[PDB]
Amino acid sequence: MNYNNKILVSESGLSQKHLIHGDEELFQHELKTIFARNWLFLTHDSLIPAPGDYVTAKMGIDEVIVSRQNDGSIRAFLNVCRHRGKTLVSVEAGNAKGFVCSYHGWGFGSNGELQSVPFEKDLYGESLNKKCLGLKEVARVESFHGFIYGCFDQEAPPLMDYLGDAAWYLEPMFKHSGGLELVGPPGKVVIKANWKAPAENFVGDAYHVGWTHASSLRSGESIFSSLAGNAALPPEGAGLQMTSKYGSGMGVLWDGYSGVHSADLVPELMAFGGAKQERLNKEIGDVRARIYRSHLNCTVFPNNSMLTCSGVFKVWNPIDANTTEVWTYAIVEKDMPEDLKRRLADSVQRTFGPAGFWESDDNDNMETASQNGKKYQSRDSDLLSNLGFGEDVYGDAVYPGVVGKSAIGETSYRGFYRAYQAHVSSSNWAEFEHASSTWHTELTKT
């Protein structure tokens, strides 16, 4: 396939070829133009707080070691020995000053440097240039309020710029709340779906909630439970949708601070969020204090998603076009009482974890939609994302980004897929920028 010319996403993001969820050649091409190019979630400060703390993480199909340095910074390296290519670290987390390869015993520092080679003097003499044999380092590692992302491409925008108009929506919870902690370890489950299926669903898909999650809504207690079985449409002004230049986007459901949590947590949460919002009104203004305690379903392009307030934090780690390894963490506000944090963490896994009953509702939807993209009569068919098209705005006085001022629509899909197409057809960041110089105009047509 010629990715320079092939129209995989139609103008304004209105539709996508179904093959995008099934084609293995395109998957391989995404490794280069999506995963090697963009910012990918690695870990949180709360998981590697002390010098020498590390975790392993995926970045696309590559595995990296992410390590807290002595000077307080974080550096990340390919989890691959520079000698004959053995995987260096076989655990998920720990504390160490270095990593020794189990094949021939080469020892690398927490800073990636080749520090020792067994019997170096007797074997290599002075001929081994260790200075050139450090672990292959992730070029870029930046933090968004403790949330650590990596990027293999030195030319990428800073993380903050990459978040674009989405950052404004995240900041009340991520910054003005006093900060969040990630509660590990994550659940890990493989699903037979393309990474884009859950990514698109979290970025933008309020429409599915009442029908897909009818049983979980009904059984499960929660604040958004009037939607079960499409029994009720949220009122006008119940929320909005947004998207951004570099593909990140989210839904906003006003006031839904207890999120998917069952009624056992609703009173406590609604009290806690309301109290904090009252203090925040004075600091960041009423609208942004309200956003803090509003439910955001967001995808940070390409493959990191979250539900704020619910506290669900996801990584859709790609394996192949119909295989994704789903990592699920809980996010909590640092200043919550510890007992609430514990219960909130358990509730995140209860609803959206490996045995998450809500998450289970989504399985067939994601898996069959993905697998159907391989089927001959569907490859060249058009997946539709036109709901709300021609009603989006840009440059609003209150809410930034391309915004649909309705709770349910496909605004965020359109922005996600506009960014996706611009990347897949571009060889580098310069070309993406050139392909994106009228991004918001394209999204608000008609």
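A residue's number is simply how far along the shown sequence it sits, counting from 1.
Asker: Out of 165 to 173 and 214 to 222, which one has CA B-factors that are higher on average in the deposited record?
Answerer: The stretch with the larger average C-alpha B-factor is 214 to 222.
Asker: Decide which of the stretches 239 to 247 and 114 to 122 has the higher mean C-alpha B-factor, going by the entry.
Answerer: So the stretch with the higher mean C-alpha B-factor is 114 to 122.
Asker: At the C-alpha atoms, which of 78, 93, 199, 228 reaches the highest B-factor in this entry?
Answerer: When the deposited C-alpha B-factors of 78, 93, 199, 228 are compared, 228 is largest.
Asker: Using only the C-alpha B-factors in the record, can you name which of 350, 192, 314, 341 has the highest?
Answerer: That would be 341, according to the entry.
Asker: In terms of the chain's CA B-factor thirds, is residue 395 lowest, middle or highest?
Answerer: Tercile = middle for this residue's CA B-factor.
Asker: Within this chain, which third does the Cα B-factor at residue 187 fall in: lowest, middle or highest?
Answerer: It belongs to the lowest third of the chain when residues are ordered by C-alpha B-factor.
Asker: Split into thirds by Cα B-factor across the chain's modelled residues, where does residue 99 land: lowest, middle or highest?
Answerer: Highest third of the chain for residue 99's C-alpha B-factor.
Asker: Classify residue 70 as lowest, middle or highest third according to the C-alpha B-factor given in the PDB entry, relative to its own chain.
Answerer: Top third by C-alpha B-factor.
Asker: Classify residue 354 as lowest, middle or highest third according to the C-alpha B-factor given in the PDB entry, relative to its own chain.
Answerer: It falls in the bottom third of the chain.
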